[PDB]
2 protein chains.
Amino acid sequence: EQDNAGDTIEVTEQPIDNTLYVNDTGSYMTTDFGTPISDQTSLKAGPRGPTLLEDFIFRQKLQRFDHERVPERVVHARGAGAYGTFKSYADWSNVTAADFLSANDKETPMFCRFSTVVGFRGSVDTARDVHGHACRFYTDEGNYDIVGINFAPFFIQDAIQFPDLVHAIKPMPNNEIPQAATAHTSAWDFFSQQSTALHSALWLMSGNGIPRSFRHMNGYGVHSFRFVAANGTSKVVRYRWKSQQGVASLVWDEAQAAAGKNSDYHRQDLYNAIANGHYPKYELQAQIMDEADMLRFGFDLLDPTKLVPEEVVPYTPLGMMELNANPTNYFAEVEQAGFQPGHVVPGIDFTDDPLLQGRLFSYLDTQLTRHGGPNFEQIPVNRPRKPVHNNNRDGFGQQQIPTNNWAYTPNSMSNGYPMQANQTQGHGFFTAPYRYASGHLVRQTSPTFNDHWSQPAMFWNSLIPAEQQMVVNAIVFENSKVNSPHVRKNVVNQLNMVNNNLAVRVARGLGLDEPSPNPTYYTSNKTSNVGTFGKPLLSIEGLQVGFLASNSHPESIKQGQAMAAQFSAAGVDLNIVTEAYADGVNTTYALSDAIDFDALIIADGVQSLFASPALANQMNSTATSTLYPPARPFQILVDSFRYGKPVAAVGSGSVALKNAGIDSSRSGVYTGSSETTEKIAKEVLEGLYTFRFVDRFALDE
Amino acid sequence: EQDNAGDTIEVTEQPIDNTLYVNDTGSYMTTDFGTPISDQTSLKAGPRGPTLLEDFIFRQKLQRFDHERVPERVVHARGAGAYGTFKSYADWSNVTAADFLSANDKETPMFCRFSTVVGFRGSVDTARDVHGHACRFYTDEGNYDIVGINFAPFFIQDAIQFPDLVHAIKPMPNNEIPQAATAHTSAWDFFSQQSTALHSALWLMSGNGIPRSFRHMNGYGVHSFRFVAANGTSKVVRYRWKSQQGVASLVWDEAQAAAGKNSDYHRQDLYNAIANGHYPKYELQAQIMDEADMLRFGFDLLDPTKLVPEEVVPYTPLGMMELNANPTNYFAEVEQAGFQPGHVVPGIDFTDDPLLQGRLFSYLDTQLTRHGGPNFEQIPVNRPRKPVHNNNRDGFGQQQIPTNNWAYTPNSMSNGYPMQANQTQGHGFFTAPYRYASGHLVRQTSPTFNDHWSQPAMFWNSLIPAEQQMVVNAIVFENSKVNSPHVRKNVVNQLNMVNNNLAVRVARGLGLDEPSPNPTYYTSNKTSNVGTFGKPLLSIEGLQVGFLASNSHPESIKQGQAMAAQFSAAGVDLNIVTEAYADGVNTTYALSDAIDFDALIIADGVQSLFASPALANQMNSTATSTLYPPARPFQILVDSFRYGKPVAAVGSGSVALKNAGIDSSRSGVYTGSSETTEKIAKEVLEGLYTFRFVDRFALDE
Ligand code: HEM
Ligand code: HEM
Ligand SMILES: [Cl-]
Ligand SMILES: [Cl-]
């Protein structure tokens, strides 16, 4: 660049302020251009006069405000994030050249966001939905994102259908009803006309659609990807994030109650858990398969509507992630984060999964919408941990200052920088070299993709009877909300290709004719770890206990408080509830509901709070408590029991149980005198692990 | 423009397609550039091959999809719209030169949007909140927008504080919790440190915060505006939209239930009412005051925290609006609509209200954010009904084609077009000519604005005892959710400057020390039409009745059906509810809740459905119905009664009432034999007008 005076360029770097995190301590307010200000009164022509155009303080403040909002994500708008770390279990170089997997105990920084799918930005956490599980590894060789969900299969087999699925499940276009729900004609029409959807539709109707929290679901990559070794050999892999807390879910009416009582239930759960030191963990696992396995198992590994059963190919544990810090600013870090499945690193490659292939286009393009311009990767949360060097330039919102004035390749002026990186130098990305294609250029679906029903059948067989009833109840609920009889009937006919018992039970729920067995795709096969009831949690850290006490019986508070040490030691929060705040009280009846607690304990001597609605109704007007709605304590109890949660009662607390028709002989009901509270606590710990007592759920066939 | 050949310009208008409403009937799918396509399979290198970059069909479809979203409104994101018409009661030219008010029976097209304030796009309709009431008159002299709310006063006195109020009430910035709610430290901190907020805070805690529907609230302009007559004389006016349905509201726990059962409760209500021919009406009214009235009434008419009591200045009816059509496409017409208080027409002017003055800047600027460019008024819903002519040009998304090549004033080339319009020619806008200012250029608040407490006191005195209890319960609920004791105490102290009884009751609810009377700002004054309980509705059209029946007692359905004619004739929807769809059934237990009905009727012979939760709990597992959660029918009944709704029972239905502890002697409880169903219906019509039976609500002091 310097064989002459003209092309020789003097660089003078200016001492520009380079703040990242903003710290207000000690400061006076300034404009964005650094002039010290107050911001509390408009400049006016006299104190009762009109506001002046020259009040630039007013205009800069309101212009910022008027422009705060950005487009939400077209899908997964409602979500929450956290930072963490990932530790490799091994040097995996034998199967992948990926750097974050290259050594035992190698640690990589992480950022993840969890979300629903269909609802808009402020929709209810406990909507029935798919849930996103999207994690970025900030590796030494680039940001690697696994952008997954809590179900193993997806609804469709080609990315070109994605706007069809999404418009179908989103609110109707004429009136934007209903919010965050598939319970409408268009969605079930789509799922029944596009029968690839059945597998994921069953997942959605199961407890998987309504998880207890982000900490109590698994994550799946869904698609086949490739691990590529340094020498070019590849393996076909499928990812699972196995929650180290375990898998647990709500029941529908409980998910509804939670939506109305605490729309922030899952984001609050994640925030509180991290803030309280109960850091959620998920183990990265992969089914590591050979190229020869593409069609071996009787379905196609390119097909995203199909899971590989653990019993056919086991999951190999790769390493452990932990999320251990909350974001500092939600808008800056969470709202602006843009995950992309095309954010790959050397040692990872794609497959010809037609669903995956289109996602690679879509996510890069969509980042423009939400960020207003092309420099979205420059936002701090999206930056790689090492500095970027390439010949990309300019664009709205450019906050870097390139010094390489020869921004093209090949050139003879820049000393070869930046250098081309590839398989054999600079740890460059490379497509797996044995990949091959051969064929006409076709817009045709592979016939290997044609079985839409067998895997739905396996999934059904994989659920305990209580959760099978839950699926029926959900399908019946959603298809009763569907307004079109012909769609209802199409759904039944589709379900009958999956399992006759399922379809008959649904048709009965809908008041429709019962179909007859259609055995073509039926199977008795089943797989494990795809249900959400009947298997206990692996950790009860960060779960909640509600201890129902009264200010009118002061010893009840003290009884609550003496149990607190035991729960604290298990990482369980004990919440003492009374009518109103007082010494030792944590929360109140008026603020409380069953959904707020994972187990409930009734204190000794407070039985009189637990009047049934019928009793409440006699004495109305005067001398009924104003401090909470009529029969609130009773309702918390009855709801907790109905939902399947452990309930305990100390002393005369058992009177409350009887009032509620709860026999002390039921599973997950613990009783004891005031002298045995220590043992009652440990039984509650026991019940928290079991989590739900499914013997309480009504069964049909 | 043509005294020479060079400046003479040939205009050739091209036959360009000019579709507005899109009609698909008969058509093949095409790209946006008109090439006929299919859109169901990606183009691949072989049927199991990778997707090709040259598949432009895939890319155009996903690029559209990837870019569907736009920024939501910074406030009032959650809302719903409808078209209608406005009829003037008179020629009002004696007080205003406004054209839409210039003749008896003069009709003007309308479009309105109603909304909450704090929640984001998909937040729950029944959040406790301010509600927007924003209406556009498409006049012959421009689009006139009244951008109002359902409360008479606003929280702050200067527009520069608007981002402070909004950041305070919106979710916290670190974690974006909580959604659509003021129940957190920051909001109550703001309301207590910025004590102007007390008036609107009391409105918010009343039933006004939780209306039954958009049809059952009023609208207020809040600010003083001016009517300006042709000759320059002005009047100071305040607007009210008086609902012709009447004012009705929910109770808090009911608003919560509705949020979890039907997040679309208000938008669905409005959509259904219009679709069913029950068109909501609101009468435009104005307090028409003299310039001399600015300080006469012991507060300042420039002050938006102050209402003028109807008893001091009556509302003059101006005309009647009716909303009579749903939008065709929600995104195009509702989401994109941009109302602005600066959208004024000749005969309307502003005042020096410092809150109003800033809104004039803010709304014009904010339209850029949501529309991506400056041509937001070109969107169909924002267009005036007559063609625009001005010298504004260009900008993103320009879909017009100007023919005037001399786009500046003054010029000698364009034949004087377009002509300047003013007070005396072309019906031009004009500022009211007697307006005057005089003063230093000051950033100071007017001392006339200093009384923050007297009007809050009047408002409190204006509520029936039951709604006063509702305010206390709300304040106590929200301030129990506030995590900061010092903020709780500040709120109490502020409330004690308003009314000692109010403050003592709140402090009791919060477990705080009771303050002592602080009489400086106390008053016994009261005003009418500012409460939401204790005054019946004026129309029951579009309200809902739930008729609880059973498939296991088939005559119950027929009993329901024979009542339907009477409800239909009142414009009331009768919904027959059973376990599952069948001949004559409208909805199901599993889909139903108390919030779905405004009155409940229990059929003869179905009492066995109405088992209490206690009874449900005995027989669990087998032979409990799978068709709805345990004790769902009972819960609907108990909830309806608790909320204050009319309930009726035919025949042995009274057994259900007894089970629920509801005596047939209570107000708003109707019973009769199977032979008197006609009379039972008319009593239910009676109860619908009364709407809520406040004798059921617990009272304190
Ligand atoms: C296996 C199937 C899929 C999974 C597991 C998946 C996963 C996800 C996740 C987890 C998010 C949220 C990321 C975040 O938290 O910010 C997301 C967003 C998105 N997805 Fe998907 N997705 C799938 C299929 C598709 C398909 C086929 C397309 C389109 C071709 C697509 C387009 C999008 C878009 C446009 C976004 C918005 C991203 C943004 O604005 O940053 N997805 N997806
Ligand atoms: C008397 C007090 C006020 C009332 C009655 C009021 C009313 C409303 C209403 C009804 C909307 C929703 C319009 C729609 O449905 O699209 C709205 C939006 C808005 N308001 Fe206000 N407002 C008030 C105070 C303010 C103040 C002081 C400011 C700022 C200086 C402000 C800024 C905004 C903005 C930026 C929007 C978004 C508008 C859009 O994106 O189109 N408001 N307001
Ligand atoms: Cl492949
Ligand atoms: Cl003025």
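Quick note: numbers below take in every heavy atom, side chains included, and nothing from hydrogens, waters or symmetry partners. Reminder, nothing fancy here: chain letters follow the sequence lines and each chain counts from 1.
Considering only residues two or more places apart in sequence or on other chains, B/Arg505 meets the salt bridge (charged side-chain N to carboxylate O under 4.0 Å, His left out) condition with none of them. Every residue meeting the ring-ring contact (aromatic ring centres under 6.0 Å, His included) condition with A/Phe477, not counting sequence neighbours, appears here in chain and number order: A/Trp252. For A/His266, the ring-ring contact (aromatic ring centres under 6.0 Å, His included) criterion is met by A/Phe214, not counting sequence neighbours. Checked against side chain to side chain donor-acceptor pair (under 3.5 Å), A/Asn276 has no partners two or more places apart in sequence or in another chain.
A salt bridge between B/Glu254 and B/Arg692 is present, with a side-chain N of the basic residue lying under 4.0 Å from a carboxylate O of the acidic one. Remark: A/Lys682 does not engage A/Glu686 in a salt bridge, criterion side-chain N to carboxylate O under 4.0 Å. The pair A/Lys658-A/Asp663 fails the salt-bridge criterion, with no side-chain N (NZ, NE, NH1 or NH2) lying under 4.0 Å from an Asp/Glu carboxylate O. Checked for salt-bridge contact, A/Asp264 and A/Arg78 meet the test: a charged N lies under 4.0 Å from a carboxylate O.
A donor atom on one side chain and an acceptor atom on the other are found under 3.5 Å apart for A/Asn575 and A/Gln544. Side-chain contact check for A/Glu579 and A/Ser550: at least one donor-acceptor pair (N or O, by modelled atom type) lies under 3.5 Å. With 3.5 Å as the limit, one finds a donor-acceptor pair spanning the side chains of B/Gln469 and B/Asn473. Donor-acceptor pairing under 3.5 Å is lacking for the side chains of B/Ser192 and B/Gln494.
For residues 596-618 of chain A, every residue pair satisfying the salt bridge (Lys or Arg N to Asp or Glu O under 4.0 Å) rule, not counting sequence neighbours, is listed here: A/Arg212-A/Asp598. Applying the ring-ring contact (aromatic ring centres under 6.0 Å, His included) definition to pairs two or more places apart or across chains, none involves residues 540-562 of chain A.
Residue B/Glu701 qualifies as enclosed at atom CD: its count of foreign heavy atoms under 6.0 Å is above 12. Residue B/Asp695 places its CG atom among more than 12 non-hydrogen atoms of other residues, nucleotides or ligands, all under 6.0 Å distant.
Considering only heavy atoms from C-beta on, B/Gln468 stays 4.5 Å or farther from B/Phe533 through its side chain. Using a 4.5 Å heavy-atom cutoff, the side chains of A/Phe691 and A/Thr532 are not in contact. Contact check for A/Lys558 versus A/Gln561: side-chain heavy atoms found under the 4.5 Å cut-off. Between A/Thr578 and A/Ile557 the shortest side-chain heavy-atom distance falls below 4.5 Å. A 4.5 Å side-chain heavy-atom check between B/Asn174 and A/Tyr271 finds at least one atom pair inside the cut-off. Taking the side chain as every heavy atom from C-beta outward, B/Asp700 and B/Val472 never approach each other to under 4.5 Å.
Between the side chain of B/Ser480 and the backbone N or O of B/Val476, at least one donor-acceptor pair lies under 3.5 Å. Although no hydrogens or angles enter the test, the distance criterion places a donor-acceptor pair under 3.5 Å between the side chain of B/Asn617 and the main chain of B/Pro613.
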